[PDB]
Structure formats: C-alpha cells, structure tokens
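Step one of this worksheet: look at the structure below.
Below, chains carry the letters A, B, ... as their sequence lines are ordered, and counting in each starts from 1.
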Amino acid sequence: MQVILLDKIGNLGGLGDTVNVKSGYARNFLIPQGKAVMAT
RNA sequence: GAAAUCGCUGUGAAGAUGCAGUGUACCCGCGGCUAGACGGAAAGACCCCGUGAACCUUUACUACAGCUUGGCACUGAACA
C-alpha cells in the first residue's frame, strides 16, 4: 500500500515522502494515528 | 370347483372315494373317536435361486465428516 508520510518515521522516510508499506502497517497504525495517509 | 363323497389289490405326475379288476354295501339321523381326506390355518421361516433388500463387520472399493499438516489471507513494527 502506497502511503504519504504526514511525519518523519524511523525507517520509512520523512514528511511528505511516498513509500510502499504493508497494508497492516498502514491500516492498523500509520493511518489511524495520523502518521501517514493513503497515497490516492 | 362340483359331488350320487365304500374296502382291497393293482394302475397312475410314481402313497386313489372318483382309474381297472374285484369285494362289500337298504335310505336317513343322534352320541362318541380322530386313521385318511397328502384335513384347516399362514403364496416354507429350512434349502436354492434373483446380476433381489436390509442391517452389521473389516487391514474390500470409493467417498465424506471429524481430526490434523503446511501455504495464502485476516497479519503489523523494530532490531539480532
């Protein structure tokens, strides 16, 4: 799942950086807590 | 099934009231008996057969449930 980082993450990347993540990571952590968003 | 429904010896789908030969025998009840009518009853349970049935068994066949194995999904993050 491609996601836009709304903040800096340890390994993923920096704010505004697009990265593929596992859908669990996005669904269950990054997106719910506002650390990223769906890269529509 | 219908009967005017005797014995014997023989005959005969092979154990005869009913055929042959023969012997006996007036017609009809009632009380008794059960030898025969292969008496009545139940389309033999025995036995065989049907490419019949059922239920039961198992290391018969083929399946399935259940149980179990791994892959994938739901399922992510850091390090080593």
Side-chain angles (χ1 to χ4, degrees):
Chain A
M1 179 181 293
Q2 291 289 351
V3 291
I4 303 172
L5 296 182
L6 313 174
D7 202 288
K8 299 80 160 64
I9 315 300
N11 299 72
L12 292 182
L15 202 160
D17 175 273
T18 173
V19 265
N20 66 298
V21 298
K22 296 174 190 187
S23 319
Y25 196 18
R27 182 183 308 115
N28 298 323
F29 187 73
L30 300 167
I31 292 174
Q33 294 180 357
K35 292 193 167 62
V37 70
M38 204 69 70
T40 302

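RNA chain B is contacted by A:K22, A:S23, A:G24, A:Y25, A:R27, A:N28 of residues 15-31 of chain A, taking any non-hydrogen atom closer than 4.0 Å.
Two residues are said to be in side-chain contact when any heavy atoms from C-beta on lie closer than 4.5 Å; A:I9 and A:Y25 meet this criterion. A heavy-atom distance below 4.5 Å is not found between the side chains of A:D17 and A:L12.
B:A45 has its base anti relative to the sugar, with a glycosidic angle deviating from 0 by more than 90°.
When all heavy atoms are compared, the tightest approach of A:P32 to A:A26 is CD-O, 3.2 Å.
Judged by the 3.5 Å cutoff on both pairing distances, B:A3 and B:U24 do not qualify as a Watson-Crick or G-U wobble pair.
Comparing B:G23 with B:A45, their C1' atoms sit 47 Å apart, to the nearest whole Å. Rounded to whole Å, the separation between the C1' atoms of B:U17 and B:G36 comes to 11 Å. Atom P of B:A2 sits at a distance of 15 Å from the matching atom of B:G40, rounded to the whole Å. To the nearest whole angstrom, the two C1' atoms, one in B:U11 and one in B:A16, are 10 Å apart.
Taking atom NZ on A:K8 and atom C1' on B:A77, their separation rounds to 20 Å, with Å as the unit.
Put simply, CG on A:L6 and NZ on A:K35 are 11.0 Å apart, with the number rounded to the nearest 0.5 Å. The CD1 atom of A:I4 lies 12.5 Å from the CG atom of A:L30; values are rounded to the nearest 0.5 Å.
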